[PDB]
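What follows is the content of my_file.csv (CSV, C-alpha atoms and all ligand atoms).
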```csv
chain,number,residue,atom,x,y,z
A,1,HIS,CA,149.3,36.7,82.1
A,2,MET,CA,145.9,37.7,80.4
A,3,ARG,CA,145.2,38.2,76.7
A,4,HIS,CA,142.8,40.0,74.3
A,5,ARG,CA,140.0,37.6,73.2
A,6,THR,CA,138.5,36.9,69.8
A,7,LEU,CA,135.4,34.9,68.7
A,8,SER,CA,137.3,31.9,67.4
A,9,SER,CA,139.9,31.8,70.2
A,10,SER,CA,137.3,31.2,73.0
A,11,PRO,CA,133.6,31.3,71.9
A,12,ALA,CA,132.5,30.2,75.4
A,13,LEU,CA,133.2,33.7,76.9
A,14,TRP,CA,131.0,35.6,74.4
A,15,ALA,CA,127.3,36.7,74.4
A,16,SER,CA,125.2,37.9,71.5
A,17,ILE,CA,122.8,40.8,71.1
A,18,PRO,CA,120.4,40.8,68.0
A,19,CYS,CA,121.4,43.9,66.1
A,20,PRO,CA,121.2,44.5,62.3
A,21,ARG,CA,124.2,46.0,60.5
A,22,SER,CA,121.9,48.9,59.3
A,23,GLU,CA,121.5,49.8,63.0
A,24,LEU,CA,125.2,49.5,64.1
A,25,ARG,CA,128.5,49.4,62.3
A,26,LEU,CA,131.3,49.4,65.0
A,27,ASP,CA,134.0,50.5,62.6
A,28,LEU,CA,132.1,53.6,61.6
A,29,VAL,CA,131.2,54.5,65.2
A,30,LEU,CA,133.8,53.6,67.8
A,31,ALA,CA,136.7,55.6,66.1
A,32,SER,CA,134.6,58.4,64.5
A,33,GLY,CA,135.4,61.0,67.2
A,34,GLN,CA,132.7,60.3,69.8
A,35,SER,CA,134.6,58.0,72.1
A,36,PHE,CA,138.4,57.9,72.1
A,37,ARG,CA,138.8,54.8,74.2
A,38,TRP,CA,138.2,52.1,71.5
A,39,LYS,CA,141.0,50.5,69.5
A,40,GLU,CA,140.9,47.6,67.0
A,41,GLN,CA,143.5,45.5,68.8
A,42,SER,CA,142.6,42.5,66.7
A,43,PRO,CA,140.9,42.8,63.2
A,44,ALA,CA,137.1,43.3,63.4
A,45,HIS,CA,137.5,43.3,67.2
A,46,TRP,CA,137.2,46.6,69.1
A,47,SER,CA,138.6,46.6,72.7
A,48,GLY,CA,137.9,49.4,75.1
A,49,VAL,CA,136.9,50.4,78.6
A,50,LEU,CA,133.3,51.2,79.7
A,51,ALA,CA,132.6,52.3,83.3
A,52,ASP,CA,135.3,50.4,85.2
A,53,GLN,CA,135.1,47.4,82.9
A,54,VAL,CA,136.9,46.3,79.7
A,55,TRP,CA,135.0,45.0,76.7
A,56,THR,CA,135.8,43.5,73.3
A,57,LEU,CA,133.2,43.9,70.6
A,58,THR,CA,132.7,42.2,67.2
A,59,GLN,CA,129.8,41.5,64.8
A,60,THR,CA,128.2,39.6,61.9
A,61,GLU,CA,125.3,40.9,59.6
A,62,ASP,CA,122.7,40.6,62.4
A,63,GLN,CA,124.5,39.8,65.7
A,64,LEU,CA,126.5,42.0,68.1
A,65,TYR,CA,128.9,39.7,69.9
A,66,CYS,CA,130.5,41.0,73.2
A,67,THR,CA,132.8,39.7,76.0
A,68,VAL,CA,133.7,41.3,79.4
A,69,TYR,CA,137.0,41.3,81.3
A,70,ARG,CA,135.8,41.9,84.9
A,71,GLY,CA,139.4,41.9,86.3
A,72,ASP,CA,140.0,41.5,90.1
A,73,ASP,CA,141.0,37.8,89.5
A,74,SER,CA,137.3,36.9,89.1
A,75,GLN,CA,135.8,33.8,87.5
A,76,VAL,CA,135.9,34.2,83.6
A,77,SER,CA,132.4,33.9,82.2
A,78,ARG,CA,129.8,35.3,79.7
A,79,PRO,CA,128.3,38.8,80.1
A,80,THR,CA,125.3,39.1,82.5
A,81,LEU,CA,121.9,40.5,81.5
A,82,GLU,CA,122.6,43.7,83.6
A,83,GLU,CA,126.0,44.0,81.8
A,84,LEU,CA,124.4,43.6,78.3
A,85,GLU,CA,121.7,46.1,79.3
A,86,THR,CA,124.6,48.6,79.9
A,87,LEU,CA,125.9,47.9,76.4
A,88,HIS,CA,122.3,48.1,74.9
A,89,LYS,CA,121.9,51.5,76.5
A,90,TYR,CA,125.5,52.6,75.5
A,91,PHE,CA,124.6,52.2,71.8
A,92,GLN,CA,120.9,53.4,72.3
A,93,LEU,CA,119.4,50.4,70.5
A,94,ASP,CA,115.8,51.2,71.7
A,95,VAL,CA,115.9,54.1,69.2
A,96,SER,CA,115.5,52.9,65.6
A,97,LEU,CA,118.3,54.3,63.4
A,98,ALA,CA,116.5,53.0,60.2
A,99,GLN,CA,113.5,55.2,60.8
A,100,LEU,CA,115.8,58.2,61.5
A,101,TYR,CA,117.8,57.4,58.3
A,102,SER,CA,114.5,57.6,56.3
A,103,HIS,CA,113.2,60.8,58.0
A,104,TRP,CA,116.5,62.4,57.2
A,105,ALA,CA,116.9,62.0,53.4
A,106,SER,CA,113.2,63.0,52.8
A,107,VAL,CA,114.4,66.6,52.9
A,108,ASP,CA,118.2,65.9,52.3
A,109,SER,CA,119.5,64.9,48.9
A,110,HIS,CA,123.1,64.8,50.3
A,111,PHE,CA,122.3,62.5,53.2
A,112,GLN,CA,120.4,60.2,50.8
A,113,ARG,CA,123.7,59.6,48.9
A,114,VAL,CA,125.8,59.4,52.1
A,115,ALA,CA,123.4,57.0,53.9
A,116,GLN,CA,123.9,54.3,51.3
A,117,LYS,CA,127.6,53.8,52.0
A,118,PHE,CA,127.8,54.8,55.7
A,119,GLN,CA,124.9,53.0,57.3
A,120,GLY,CA,124.7,52.1,61.1
A,121,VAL,CA,126.4,55.2,62.4
A,122,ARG,CA,124.6,55.6,65.7
A,123,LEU,CA,125.2,58.1,68.6
A,124,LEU,CA,126.8,56.7,71.8
A,125,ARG,CA,125.4,57.4,75.3
A,126,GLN,CA,128.6,58.3,77.2
A,127,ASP,CA,129.5,59.1,80.8
A,128,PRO,CA,129.2,62.9,81.4
A,129,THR,CA,132.6,63.1,83.2
A,130,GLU,CA,134.4,61.2,80.5
A,131,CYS,CA,132.7,63.1,77.7
A,132,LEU,CA,133.3,66.5,79.3
A,133,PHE,CA,137.1,66.3,79.8
A,134,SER,CA,137.6,64.3,76.5
A,135,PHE,CA,136.1,67.2,74.5
A,136,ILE,CA,138.1,69.8,76.5
A,137,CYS,CA,141.1,67.8,75.1
A,138,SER,CA,139.5,68.0,71.5
A,139,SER,CA,140.1,71.8,71.1
A,140,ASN,CA,142.2,72.5,67.9
A,141,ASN,CA,143.1,68.8,67.6
A,142,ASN,CA,142.5,65.5,65.7
A,143,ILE,CA,141.3,62.0,66.7
A,144,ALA,CA,144.8,60.6,66.8
A,145,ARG,CA,146.2,63.3,69.2
A,146,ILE,CA,143.0,63.3,71.4
A,147,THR,CA,143.2,59.5,71.9
A,148,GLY,CA,146.7,59.9,73.1
A,149,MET,CA,145.8,62.8,75.5
A,150,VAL,CA,142.9,60.9,77.0
A,151,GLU,CA,144.8,57.6,77.4
A,152,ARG,CA,147.8,59.2,79.1
A,153,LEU,CA,145.3,61.2,81.3
A,154,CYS,CA,143.6,57.9,82.3
A,155,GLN,CA,146.9,56.1,83.1
A,156,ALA,CA,148.1,58.9,85.4
A,157,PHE,CA,144.9,59.8,87.3
A,158,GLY,CA,142.4,56.9,86.6
A,159,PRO,CA,142.3,53.6,88.5
A,160,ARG,CA,143.9,50.4,87.1
A,161,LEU,CA,141.4,47.8,85.8
A,162,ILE,CA,143.2,45.1,83.9
A,163,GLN,CA,146.2,44.4,81.6
A,164,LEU,CA,145.7,42.6,78.2
A,165,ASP,CA,148.8,41.8,76.1
A,166,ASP,CA,150.8,45.1,76.2
A,167,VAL,CA,147.8,47.3,77.0
A,168,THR,CA,147.1,48.3,80.6
A,169,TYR,CA,143.5,49.5,80.8
A,170,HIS,CA,142.3,52.3,83.1
A,171,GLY,CA,138.9,53.6,84.0
A,172,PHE,CA,138.1,57.3,83.7
A,173,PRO,CA,139.1,59.3,86.8
A,174,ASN,CA,136.7,61.2,89.2
A,175,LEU,CA,136.6,65.0,89.4
A,176,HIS,CA,138.7,65.1,92.6
A,177,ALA,CA,141.7,63.3,90.9
A,178,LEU,CA,141.9,66.0,88.2
A,179,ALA,CA,141.1,69.0,90.5
A,180,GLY,CA,144.2,68.9,92.8
A,181,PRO,CA,147.1,71.5,92.9
A,182,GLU,CA,149.5,69.2,90.9
A,183,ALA,CA,147.3,68.2,88.0
A,184,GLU,CA,148.0,71.1,85.6
A,185,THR,CA,151.8,70.6,85.7
A,186,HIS,CA,151.3,66.8,85.4
A,187,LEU,CA,148.9,67.1,82.4
A,188,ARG,CA,151.3,69.5,80.7
A,189,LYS,CA,154.1,67.0,80.9
A,190,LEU,CA,151.7,64.3,79.5
A,191,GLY,CA,151.2,66.7,76.5
A,192,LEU,CA,147.8,68.5,76.9
A,193,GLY,CA,149.5,71.9,76.7
A,194,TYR,CA,147.0,74.8,77.3
A,195,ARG,CA,144.2,72.2,77.8
A,196,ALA,CA,145.8,71.2,81.1
A,197,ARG,CA,144.5,74.4,82.7
A,198,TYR,CA,140.9,73.8,81.6
A,199,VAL,CA,140.9,70.1,82.7
A,200,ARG,CA,142.0,71.1,86.3
A,201,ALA,CA,139.9,74.3,86.4
A,202,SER,CA,136.7,72.7,85.2
A,203,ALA,CA,137.2,69.7,87.6
A,204,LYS,CA,137.8,72.1,90.5
A,205,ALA,CA,134.9,74.2,89.3
A,206,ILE,CA,132.4,71.4,89.1
A,207,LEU,CA,133.4,70.0,92.5
A,208,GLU,CA,133.4,73.4,94.4
A,209,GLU,CA,131.0,75.7,92.5
A,210,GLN,CA,128.5,73.0,91.3
A,211,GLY,CA,128.8,70.2,93.8
A,212,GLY,CA,130.4,67.1,92.2
A,213,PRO,CA,129.2,64.5,89.6
A,214,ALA,CA,125.6,64.8,90.7
A,215,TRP,CA,125.5,68.2,88.9
A,216,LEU,CA,126.1,66.5,85.5
A,217,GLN,CA,123.1,64.1,86.4
A,218,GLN,CA,121.0,67.2,87.0
A,219,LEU,CA,122.0,68.6,83.6
A,220,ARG,CA,121.0,65.2,82.1
A,221,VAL,CA,117.3,65.6,83.3
A,222,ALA,CA,117.4,69.4,82.9
A,223,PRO,CA,116.5,70.9,79.4
A,224,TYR,CA,119.0,71.4,76.6
A,225,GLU,CA,118.9,75.2,76.8
A,226,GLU,CA,119.8,75.4,80.6
A,227,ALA,CA,122.4,72.6,80.4
A,228,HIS,CA,124.2,74.3,77.5
A,229,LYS,CA,124.4,77.7,79.3
A,230,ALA,CA,125.4,75.9,82.5
A,231,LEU,CA,128.3,74.1,80.8
A,232,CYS,CA,129.4,77.4,79.3
A,233,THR,CA,130.3,78.7,82.8
A,234,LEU,CA,133.1,76.0,83.0
A,235,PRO,CA,136.7,76.9,82.1
A,236,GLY,CA,137.5,75.8,78.5
A,237,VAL,CA,133.9,74.9,77.7
A,238,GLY,CA,132.1,77.1,75.0
A,239,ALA,CA,129.2,76.5,72.7
A,240,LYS,CA,131.1,73.7,70.8
A,241,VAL,CA,132.2,71.7,73.8
A,242,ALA,CA,128.9,72.2,75.6
A,243,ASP,CA,127.0,70.9,72.5
A,244,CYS,CA,129.3,67.8,72.3
A,245,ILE,CA,128.5,67.1,76.0
A,246,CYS,CA,124.8,67.8,75.6
A,247,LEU,CA,124.5,65.5,72.6
A,248,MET,CA,126.8,62.5,73.6
A,249,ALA,CA,126.3,62.5,77.4
A,250,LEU,CA,123.2,64.5,78.5
A,251,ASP,CA,120.6,63.0,76.1
A,252,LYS,CA,120.0,66.1,74.0
A,253,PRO,CA,119.6,64.6,70.4
A,254,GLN,CA,119.0,68.1,68.9
A,255,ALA,CA,122.4,69.4,70.0
A,256,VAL,CA,124.6,70.5,67.0
A,257,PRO,CA,128.3,71.1,67.9
A,258,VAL,CA,129.8,73.8,65.6
A,259,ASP,CA,133.6,73.9,65.3
A,260,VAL,CA,134.9,74.2,61.7
A,261,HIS,CA,134.3,70.6,60.4
A,262,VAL,CA,130.5,71.3,60.2
A,263,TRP,CA,131.3,74.6,58.6
A,264,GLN,CA,133.3,72.8,55.9
A,265,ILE,CA,130.5,70.2,55.5
A,266,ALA,CA,127.6,72.7,55.6
A,267,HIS,CA,129.4,75.0,53.1
A,268,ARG,CA,130.8,72.5,50.7
A,269,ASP,CA,128.0,69.9,50.8
A,270,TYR,CA,124.8,72.1,51.4
A,271,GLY,CA,125.9,75.4,50.0
A,272,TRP,CA,125.2,77.2,53.3
A,273,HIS,CA,126.3,80.7,54.2
A,274,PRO,CA,125.7,83.1,57.2
A,275,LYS,CA,122.6,84.7,55.7
A,276,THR,CA,121.3,86.8,58.6
A,277,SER,CA,124.7,87.5,60.2
A,278,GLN,CA,127.0,90.0,58.5
A,279,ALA,CA,130.2,88.0,59.2
A,280,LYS,CA,131.3,85.7,56.4
A,281,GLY,CA,133.4,83.3,58.5
A,282,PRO,CA,133.0,81.5,62.0
A,283,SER,CA,131.7,83.6,64.9
A,284,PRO,CA,129.5,83.0,68.0
A,285,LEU,CA,126.4,84.4,66.2
A,286,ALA,CA,127.2,82.6,62.9
A,287,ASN,CA,127.9,79.2,64.7
A,288,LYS,CA,124.5,79.6,66.5
A,289,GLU,CA,122.8,80.1,63.2
A,290,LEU,CA,124.4,77.0,61.6
A,291,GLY,CA,123.2,74.9,64.5
A,292,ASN,CA,119.6,76.2,63.9
A,293,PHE,CA,119.9,75.5,60.2
A,294,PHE,CA,120.6,71.8,60.8
A,295,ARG,CA,118.0,71.6,63.6
A,296,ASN,CA,115.4,73.1,61.3
A,297,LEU,CA,116.5,70.8,58.4
A,298,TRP,CA,116.8,67.4,60.3
A,299,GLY,CA,114.6,68.0,63.4
A,300,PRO,CA,115.0,67.1,67.1
A,301,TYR,CA,117.7,64.4,66.4
A,302,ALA,CA,119.9,66.8,64.4
A,303,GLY,CA,123.1,65.8,66.3
A,304,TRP,CA,122.6,62.1,65.4
A,305,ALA,CA,122.5,63.0,61.7
A,306,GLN,CA,125.7,65.1,62.1
A,307,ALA,CA,127.5,62.0,63.5
A,308,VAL,CA,126.8,60.2,60.2
A,309,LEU,CA,128.3,63.0,58.2
A,310,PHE,CA,131.3,63.2,60.6
A,311,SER,CA,132.0,59.5,60.2
A,312,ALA,CA,131.5,59.9,56.4
A,313,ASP,CA,133.9,63.0,56.2
A,314,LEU,CA,136.7,61.1,58.0
A,315,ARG,CA,136.6,58.3,55.4
A,401,LIG,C1,139.2,65.7,58.4
A,401,LIG,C2,138.2,65.6,59.5
A,401,LIG,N1,136.9,65.7,59.3
A,401,LIG,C3,136.3,65.6,60.4
A,401,LIG,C4,134.7,65.7,60.7
A,401,LIG,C5,137.3,65.4,61.4
A,401,LIG,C6,137.1,65.3,62.8
A,401,LIG,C7,136.2,64.3,63.3
A,401,LIG,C8,136.0,64.2,64.6
A,401,LIG,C9,136.8,65.0,65.5
A,401,LIG,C10,136.6,64.8,67.0
A,401,LIG,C11,135.3,65.6,67.3
A,401,LIG,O1,135.3,66.7,67.7
A,401,LIG,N2,134.0,64.9,67.1
A,401,LIG,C12,132.7,65.5,67.2
A,401,LIG,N3,132.4,66.7,67.6
A,401,LIG,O2,131.1,66.9,67.6
A,401,LIG,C13,130.5,65.8,67.1
A,401,LIG,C14,131.5,64.8,66.9
A,401,LIG,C15,131.2,63.4,66.4
A,401,LIG,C16,129.8,63.3,65.7
A,401,LIG,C17,128.7,64.0,66.4
A,401,LIG,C18,129.0,65.4,66.9
A,401,LIG,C19,137.7,65.9,65.0
A,401,LIG,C20,137.8,66.0,63.7
A,401,LIG,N4,138.4,65.5,60.7
```
Translate the structure of the given file into structure tokens.
Amino acid sequence: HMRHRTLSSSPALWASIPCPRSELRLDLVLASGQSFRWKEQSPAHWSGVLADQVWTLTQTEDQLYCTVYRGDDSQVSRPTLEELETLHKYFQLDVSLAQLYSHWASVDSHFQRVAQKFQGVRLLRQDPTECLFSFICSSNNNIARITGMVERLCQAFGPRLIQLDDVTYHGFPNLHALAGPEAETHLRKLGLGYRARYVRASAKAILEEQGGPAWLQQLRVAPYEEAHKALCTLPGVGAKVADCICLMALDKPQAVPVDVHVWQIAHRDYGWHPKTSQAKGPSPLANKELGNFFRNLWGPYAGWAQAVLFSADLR
């Protein structure tokens, strides 16, 4: 019935945002393990869902073209200003990535080499709910498997938005959908495994102990230190997952998630070791030290610099 759009197929439905390639490269951002809801359905065209709406995104050297599928049998048209403001805030284009890319590299000979090839890797401003349960699904996993777990989760529990070609799109579910007495067994069948317990338990915990999605908006305005400790009370959410949420959803640019991939990068590319801590390998105290090393090295936007290295280490 409906179909995925491209820029040549129907240019009347697209709207442009002025954006240099040095500020944003979609191919290095949308599938670099921040969001798991974007797929290149057509070449150079990234389709995905963003707060109960489907988008398709493409670009030139200095323009970010975008088109919206509103669904609900509505009148097909260009994106509105309010809708393009949502996209402008999603990519965080008010913040200059070029000035960050120069402030990093002043004290970082490694980033200087990496910034040449992988330019325009910016940090997305995601929904807290979507971000939280997506990174509970990330434990001991890869981008391919996580994308599957999140998609199947959204199909079962999330509301239906629109179908395009052979791809039925779903918005991310609310806390109440995941918190019920049937969700763990359902999510296990969908293939989350042990992660099914934490999805349900954290959803039930946020709703009953903390008081619903409003709590995540309190954590947004609350400081990084409090929000991190607060998230660590949740089932299946430790320092790593809390830092992912803090960085990508709660506007904490200094948050540095420490799993094993930063350990590999920090060790191989910076020659870092646990100096103060006696343990040679990963541990709560050593992971905390590694976050402080990168915060001291890069500054208050340390997590944004980490995202450039994560995108570079994948390719
Ligand atoms: C071989 C290989 N190298 C790497 C770096 C991966 C890899 C990448 C990404 C993910 C999903 C994930 O956890 N992403 C992030 N976690 O904290 C951050 C992110 C993205 C950037 C900001 C902070 C899992 C594995 N695989």
### Task
Set the cut-off to 10 Å, count all atoms listed in the file, and list whatever residues fall near ligand LIG 401 (chain A) as a VMD selection string.
chain A and resid 29 31 to 36 121 to 124 134 to 147 240 to 248 253 255 to 265 302 to 315
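For the residues A:75, A:1, A:150, A:84, ranking by smallest atom-to-atom distance to residue 17 (chain A) using only C-alpha atoms places A:84 first.
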### Message
Between CA of residue 107 (chain A) and CA of residue 268 (chain A), what is the distance in Å, rounded to a tenth?
### Response
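CA of residue 268 (chain A) lies 17.6 Å from CA of residue 107 (chain A).
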Identify, on the basis of only C-alpha atoms, every residue whose closest approach to residue 23 (chain A) does not exceed 7 Å; exclude the query and any residue fewer than 5 positions from it along the same chain; express the result as a compact mmCIF listing (two decimals) with C-alpha atoms, in the frame of the given file.
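Contents of the output file around_16.txt:
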```
# COMPACT_ATOMS: atom_id res chain seq x y z
CA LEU A 97 118.30 54.30 63.40
CA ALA A 98 116.50 53.00 60.20
CA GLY A 120 124.70 52.10 61.10
```
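Here the question is which of A:267, A:176, A:170, A:295 gets nearest to residue 71 (chain A) using all atoms listed in the file, and that residue is A:170.
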### Task
Excluding residue 125 (chain A) and residues on its chain fewer than 4 positions from it, collect all residues at most 10 Å away from it, counting only C-alpha atoms, and give them as a VMD selection string.
chain A and resid 34 to 35 86 to 92 131 247 to 251
Starting from the block above, write region 225-240 of chain A out to a file with N, CA, C and O atoms, as a compact mmCIF listing (two decimals), in the first residue's frame, please.
```
# COMPACT_ATOMS: atom_id res chain seq x y z
N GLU A 225 25.74 12.98 38.92
CA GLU A 225 26.13 12.11 40.04
C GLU A 225 24.91 11.42 40.66
O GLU A 225 24.94 10.21 40.92
N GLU A 226 23.86 12.19 40.91
CA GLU A 226 22.61 11.69 41.48
C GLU A 226 21.90 10.73 40.53
O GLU A 226 21.46 9.65 40.94
N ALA A 227 21.78 11.14 39.26
CA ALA A 227 21.12 10.33 38.22
C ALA A 227 21.77 8.97 38.01
O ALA A 227 21.08 7.97 37.82
N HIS A 228 23.10 8.94 38.05
CA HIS A 228 23.87 7.70 37.89
C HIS A 228 23.61 6.72 39.04
O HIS A 228 23.37 5.53 38.81
N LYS A 229 23.68 7.22 40.28
CA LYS A 229 23.36 6.43 41.48
C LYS A 229 21.90 5.98 41.49
O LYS A 229 21.59 4.85 41.90
N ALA A 230 21.00 6.86 41.05
CA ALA A 230 19.57 6.57 40.99
C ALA A 230 19.25 5.44 40.01
O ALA A 230 18.50 4.53 40.34
N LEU A 231 19.85 5.51 38.82
CA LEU A 231 19.72 4.46 37.81
C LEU A 231 20.31 3.11 38.26
O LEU A 231 19.81 2.06 37.87
N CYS A 232 21.36 3.15 39.09
CA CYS A 232 21.99 1.93 39.62
C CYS A 232 21.16 1.12 40.62
O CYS A 232 21.51 -0.02 40.94
N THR A 233 20.06 1.69 41.13
CA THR A 233 19.08 0.94 41.92
C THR A 233 18.22 0.00 41.07
O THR A 233 17.66 -0.97 41.59
N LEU A 234 18.11 0.28 39.77
CA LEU A 234 17.25 -0.48 38.86
C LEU A 234 17.83 -1.87 38.56
O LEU A 234 19.04 -2.00 38.41
N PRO A 235 16.97 -2.91 38.48
CA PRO A 235 17.41 -4.24 38.07
C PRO A 235 18.08 -4.28 36.69
O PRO A 235 17.50 -3.81 35.71
N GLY A 236 19.29 -4.83 36.62
CA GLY A 236 20.05 -4.93 35.37
C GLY A 236 20.71 -3.65 34.89
O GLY A 236 21.14 -3.58 33.73
N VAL A 237 20.82 -2.65 35.76
CA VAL A 237 21.42 -1.36 35.42
C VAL A 237 22.57 -1.09 36.39
O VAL A 237 22.34 -0.79 37.56
N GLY A 238 23.80 -1.22 35.89
CA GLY A 238 25.00 -0.89 36.66
C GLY A 238 25.62 0.41 36.18
O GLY A 238 24.95 1.23 35.54
N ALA A 239 26.91 0.58 36.48
CA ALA A 239 27.66 1.79 36.10
C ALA A 239 27.69 2.00 34.58
O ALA A 239 27.52 3.13 34.10
N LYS A 240 27.90 0.91 33.84
CA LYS A 240 27.93 0.92 32.37
C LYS A 240 26.60 1.39 31.76
O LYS A 240 26.57 2.35 30.98
```
